[PDB]
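Every residue, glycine as well, gets a Cβ built from its backbone with ideal geometry; the counts of neighbours run over all protein chains shown. Just so it is clear, none of the values below were taken in a lab; they were calculated from the coordinates.
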Amino acid sequence: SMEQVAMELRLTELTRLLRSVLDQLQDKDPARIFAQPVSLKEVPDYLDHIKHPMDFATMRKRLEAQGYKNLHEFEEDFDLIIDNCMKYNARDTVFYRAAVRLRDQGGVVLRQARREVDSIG
């Protein structure tokens with residue numbers, strides 16, 4: 001149908017905007033602490049602690065499959081990256097501190113993204 005196509009164009013444009021958001025958020029992680037999944041070879045107990053692991057490469061795979069229907073789903077995944085880290089790692093670690101800084105810096109990006117998504121529809 002013409003409607004399904006129009007819907008698919010909207011999704012594609014959402015995907016375009018979320019790709020730009022993702023790049024901006026990932027720049028706020030210059031140490032690449034959140035770039036890849038936590039290694040189950042190196043942290044064999046991880047899934048005993050964290051039930052829904054997340055990282056930027058995994059979000060990128062979802063994004064490129066057009067797997068985010070709206071900004072809320074994308075933000076859920078970004079919040080998992082932060083929240084998982086702040087549970088698994090103690091306050092006095094480079095990891096926890098990296099997550100706090102990512103959260104604080106990403107807030108600004110995500111604020112305008114929401115306005116853009118609402119604005120452009």
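What the table below lists for this structure:
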item	result
Inter-probe distance in nm under a simple model that places probes 7 Å from Cα toward Cβ, at residue 45 and residue 83	2.3
Region 40-121: trypsin sites (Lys or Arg not before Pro) in DSSP coil with no more than 16 other Cβ atoms inside 10 Å	41, 51, 69, 91
Relative exposure of 81, 120, judged by other C-beta atoms within 10 Å (fewest first)	120, 81
Size of charge dipole - the chain - debye, nearest 20, with Cβ of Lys, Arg +1 and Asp, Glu -1, no other charges	240
In Hz, Karplus ³J(HN,Hα) per residue of region 57-62 (6.51, -1.76, 1.60; θ = phi - 60°; x = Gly, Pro)	5, 5, 5, 4, 5, 4
The chain: angle of helix 71-88 to the longest principal axis, Cα-based, in degrees nearest 10	0
Karplus-derived HN-Hα couplings along region 38-55 (A = 6.51, B = -1.76, C = 1.60, θ = phi - 60°), whole Hz, x at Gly and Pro	4, 5, 7, 5, 7, 10, x, 8, 4, 6, 6, 9, 10, 7, 10, x, 7, 6
Relative contact order (percent, whole number), the chain, Cα cutoff 8 Å, 6+ residue spacing	30
Computed helical MRE - 222 nm, the chain, DSSP H runs ≥ 4 contributing -39500 (n - 2.57), nearest 500	-23000 deg cm²/dmol
Integer Hz, Karplus 6.51/-1.76/1.60 couplings in order for region 95-106, x for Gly and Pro	5, 4, 5, 4, 5, 4, 5, 4, 4, 5, 5, x
Three-way shape call for region 38-115 based on the alpha-carbon gyration tensor, with the a/c threshold at 1.5	oblate
